[PDB]
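Chain by chain, the residues run as shown.
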Amino acid sequence: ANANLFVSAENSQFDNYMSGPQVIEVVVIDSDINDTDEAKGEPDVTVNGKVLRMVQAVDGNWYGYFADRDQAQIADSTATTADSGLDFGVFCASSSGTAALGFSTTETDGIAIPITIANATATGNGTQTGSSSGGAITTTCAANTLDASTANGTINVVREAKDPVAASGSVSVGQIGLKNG
Amino acid sequence: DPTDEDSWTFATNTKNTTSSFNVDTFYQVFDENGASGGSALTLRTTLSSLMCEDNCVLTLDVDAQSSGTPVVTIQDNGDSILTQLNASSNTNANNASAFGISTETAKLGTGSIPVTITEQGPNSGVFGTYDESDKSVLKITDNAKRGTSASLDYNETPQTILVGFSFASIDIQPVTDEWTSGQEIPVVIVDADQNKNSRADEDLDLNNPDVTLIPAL
Amino acid sequence: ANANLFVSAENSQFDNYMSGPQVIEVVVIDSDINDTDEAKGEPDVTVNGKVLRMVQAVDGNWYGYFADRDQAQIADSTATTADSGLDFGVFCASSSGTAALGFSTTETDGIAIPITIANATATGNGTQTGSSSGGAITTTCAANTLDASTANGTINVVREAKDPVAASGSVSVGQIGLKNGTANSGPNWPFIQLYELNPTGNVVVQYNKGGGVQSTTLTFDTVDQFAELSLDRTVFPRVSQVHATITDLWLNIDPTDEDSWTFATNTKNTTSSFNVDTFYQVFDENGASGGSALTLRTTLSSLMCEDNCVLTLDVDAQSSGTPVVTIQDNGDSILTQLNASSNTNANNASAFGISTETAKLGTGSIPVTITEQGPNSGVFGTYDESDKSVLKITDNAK
Amino acid sequence: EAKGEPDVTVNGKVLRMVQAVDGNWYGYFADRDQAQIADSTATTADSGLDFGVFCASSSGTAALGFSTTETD
Amino acid sequence: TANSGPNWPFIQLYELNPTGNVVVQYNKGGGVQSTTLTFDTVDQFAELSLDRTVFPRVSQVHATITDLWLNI
Amino acid sequence: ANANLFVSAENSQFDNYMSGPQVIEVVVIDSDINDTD
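For this coordinate set, the PDB header names cryo-EM as the determination method and states a resolution of 2.87 Å.

The name given to chain E in the PDB entry is Cell surface protein, with Nitrosopumilus maritimus SCM1 as the source organism. Listed in the archive, the entry goes by the title "In vitro structure of the Nitrosopumilus maritimus S-layer - Composite map between two and six-fold symmetrised".

As recorded in the PDB entry, chain A goes by Cell surface protein and comes from Nitrosopumilus maritimus SCM1.

Colleague: What's the story with the interface of chain E and chain D in this structure? I'm lost.
Modeller: By convention, interface size is frequently given as the accessible area that disappears when the constituent parts associate. Between chain E and chain D, the contact holds 19 residues from the first and 29 residues from the second. Buried surface at the junction of chain E and chain D, both sides included, amounts to about 2300 Å², of which 62% is carbon and sulfur. For the pair chain E and chain D, the number of links is 12 residue pairs in polar contact. Put simply, the parts of the chain that give the side of chain E that touches chain D at least two residues each are β1 (12-14) and β2 (20-28) of chain E. Per-element tally for the side of chain E that touches chain D: the top contributor is β2(E), with 7 residues. Looking at side-chain class alone, the side of chain E that touches chain D contains 13 nonpolar, 5 polar and 1 charged residues. Of the strand pairs in this sheet, strand β1 (residues 7-10) of chain D and β2(E) are connected by 4 bridges, and their pairing is antiparallel. Its bridge partner being in β2(E), D:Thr9 is matched across the sheet by E:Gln25.

Colleague: Explanation requested: the nonpolar core in the structure shown.
Modeller: Within the largest apolar cluster, 94 residues are counted, with the highest numbers of intra-cluster contacts made by C:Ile113, C:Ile192 and C:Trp261. Sort the elements by how many residues they give to this core and strand β7 (residues 62-68) of chain C lands first, with 5 residues. Excluding anything up to four places from it in sequence, C:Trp261 contacts C:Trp250, C:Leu251, C:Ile253, C:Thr278, C:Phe279, C:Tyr280, C:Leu296, C:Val368, C:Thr369, C:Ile370 and C:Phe380. The next biggest cluster of nonpolar side chains, apart from the first, holds 16 residues, and it includes A:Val23, B:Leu47, B:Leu50 and B:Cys56.

Colleague: Can you walk me through the packing of aromatic side chains in this structure?
Modeller: Scanning the entire structure with this criterion turns up 15 aromatic pairs over all chains. Seen in terms of ring centroids, E:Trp8 and E:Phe10 are 6.1 Å apart; in terms of plane orientation they differ by 70 degrees. Their pairing is edge-to-face. The rings of C:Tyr65, C:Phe103, C:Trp189 and C:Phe191 are connected pair by pair, giving a single aromatic cluster. Sitting above the plane of the B:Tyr130 ring, B:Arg199 keeps its charged end 3.8 Å from the centroid.

Colleague: Got a minute to help me understand the sheet that holds strand β13 (residues 228-231) of chain C in this structure?
Modeller: Each strand in a sheet pairs with another by means of backbone hydrogen bonds, the pair being arranged parallel or else antiparallel. All names here are of chain C. The 6 strands lie next to each other as β13-β15-β22-β21-β16-β17, forming an open sheet whose pairing is antiparallel. This sheet does not close on itself; its edge strands, each paired only once, are β13 and β17 (277-280). The average undirected angle you get between the axes of adjacent strands in this sheet is 25 degrees. Of the pairings in the sheet, the one linking strand β21 (residues 367-372) to strand β22 (residues 379-381) comprises 2 bridges and is antiparallel in character. Looking across to β22, one finds that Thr371 is bridged to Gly381.

What counts as what
Residues numbered from 1 in each chain as written, not as in the entry; some residues may be left out. Chains lettered and ligands numbered in written order. Part of a larger assembly, values for the part shown. Heavy atoms only, no water. Contact = heavy atoms within 4.5 Å. Buried area = accessible area lost by both parts, 1.4 Å probe. Polar contact = N/O pair within 3.5 Å; in protein donor to acceptor, adjacent residues only side chain to side chain. Helix = DSSP H or I, 4+ residues; strand = E, 2+ residues; numbered from the N terminus. Nonpolar A, V, L, I, M, F, W, Y, C, P; charged D, E, K, R; others polar. Pairing = 2+ DSSP bridges. Core = buried A, V, L, I, M, F, W, Y, C linked by side-chain atoms within 4.5 Å. Buried < 20%, exposed > 50% of the residue type's maximum accessible area, 1.4 Å probe, protein only. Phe/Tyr/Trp six-rings, centres within 6.5 Å; stacked < 30°, edge-to-face > 60°. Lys NZ or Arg CZ within 6 Å of the ring centre and 35° of its normal. Axes fitted to C-alpha atoms, helices over the stretch in contact; angles between N-to-C directions.

Listed below in structure tokens is the structure:
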């Protein structure tokens, strides 16, 4: 398990394999950045050399969730009703990170946010259901996309998530700037 | 889910021959505490594209030799909501095709034996049909015949569920050479037919009608 | 004990068994969430896969209390007067959590809150006394139920509860939203969450944290295989103290307090109306009143007692005319010589009784009191802290 | 910062701990009968073995401002 | 206000068993610390020692008393 | 990689060579100065 980095797929029994539409949790536990009332720096975590953005939680631990792009899209197409079966929520482009989450997600292939689309435009508002075949995600998401959402928390593949650290003094939500924690 | 306890529900009846019917797999039709937790959505035609290699499908055959008496039935437990949809007096609890899920009757209705498994720990990868009270979804029928069997399949490797009886042995064990007045010595019975639960310790209580035999002096 | 999860029933001596109407305390102690001025997230704790709601206290620890649904209901039916005997207070439905406590309790079989019912309606106001048989709890509780309550703190099965953390700035009462946080005298804290458990079946308590999960498994079964009595010596001289120690898991109802039990043990009282009986908290651990005496003899079968909840005594076994054992007051009981006539003396065990409770614990019917050696030990004794036993050998014994 | 009181027990009963300026937690206890017997010698206040004034366990909330109910 | 105020310090009274053990526990994450003490008469640890055997005419008599009981 | 100083061109395979119009990243990671408020 190393010392300070924990990854869900790290299992000796299964020889560190992962497969299918599964989500992988990355946790950092370290005493250097464990405080929640001071603005310590986000820990620098990468998968295949690309940056993984980590949110601090109330236990003083840093969380991040990732999955394969095509498997998330293919699995999400089965979820015909929202927040049931394998729903990853809504597929947004990498550029949408700043407008939707409030921080940059540009070194990722795409993000999956738990909202619903009210105004199903072709461009500015992402894809609710995903593609049965998969591929590149190109539809973007904006700030007006979040406010118009009529049902939050539509992700069903992660259900037990720790509370993001609150905004006090110098500290932002999740210590990295989530718009709603 | 890496943070939660994962629940899966299967349509396993391999002898439902209705043209519309197919063996199928569903995700989170229940919770780990036996709540609703959402609708049932088809996964059968997509399992090829989600990296499934003969390992995402559960099938069951209640009567393998077609003797007329079904060996295995299904029952409710603490991690599922199963209901007897045919409540007619003409049938009983040994009819596996008389159970279904009430909220999801298109694909998990009468016939099409629904079977539910639950994850033993948030991020373990080990699933079971038992609940925390040790009550399995799958039970052997009360009128089952010796020698007959059922067949359960995961990962395209079937296993037989054989029904059999066990010879018993009783033996009083005197602590020393002679049993004298005012001394407790053990009496030991070995009969596998009274071990009806492998996850629980069982007592031969007079008052329980389902304990069929009790020692007597 | 794992690292950060503590469950009361976790005892190597008794092999993690639990039985009867007992309440179980779950405590989380961790340095990651120990602060009380910041809004840290409730820790994620489940029993048999169902959510356990945890309140933060002033020591920076998270508490939750649970019990079997049917055993709480059956035991509560014995408590005929409020806040005496085995009272769990009032039984509310799962939906009532939001209206009564101020937060959701929907993944539970029922909740037990410490109030009293003023307006005993059929629907909107819960059950005061519980069912002798048990079953599903369907009566609901509302916000107007709390306000109309005329006596708060009626739970007697949990008596030593830590103070809920106070509401300052972003922080709510108990950090999860209790509507009134005065412990052991208020209408919300403590409260017991009811779960339907399987006799002879396992009970699993889990805590999910970053870097791995802690579990504790318990067994729910009759526990007469761990129960025994020990005496201090083999042979007793004439004015000796008889120091009797009882170990019984079943007798530790309160996980936070020192449990007191009182017995009518005279097996030769032959009066037709008389029966050997068991009473709960007729005294304190400090020898105070601590409530009335309420019958448990006809209910012990339904509370999972298998030949292990009954104390009997025979003062003269060989009927020689001289009684070997008598009884005396000590620091953990209030015993009185009701026959104070000069014609009798202190060797007459039948001349002692309890003054406040004379129907069933009067003259004759030798009352015997035991006290728990530690809040959550399960080891009881007749000795007090001055080493004065209740049971003494008579001066003229043969 | 408002850190939680550490959980300290004597013979299984809770000991209430006060924080001091050195960042340490303190508590003081004694046998009940010995304090009472010794206090009877102190006929003038704040001289000899005076423990001050003896209060009941319930008095903790009204006098100190926090609960002392698991004490004698 | 310490040692001149009405609340600090204060002593919590406990009923203890003569010739019996007294156990102090602290419960923290990752294990518990315990310390056990005995409550009994302590005249078996008490003695007086003098600095010398023979004393000349204007000597100091240096007497040392060790007694657990005397440390109130 | 030392302890607290990271330079992009530090590659054992290529023997710490650099060439051409390339940009080089220098990163300092230390717990003494890691705060941002």
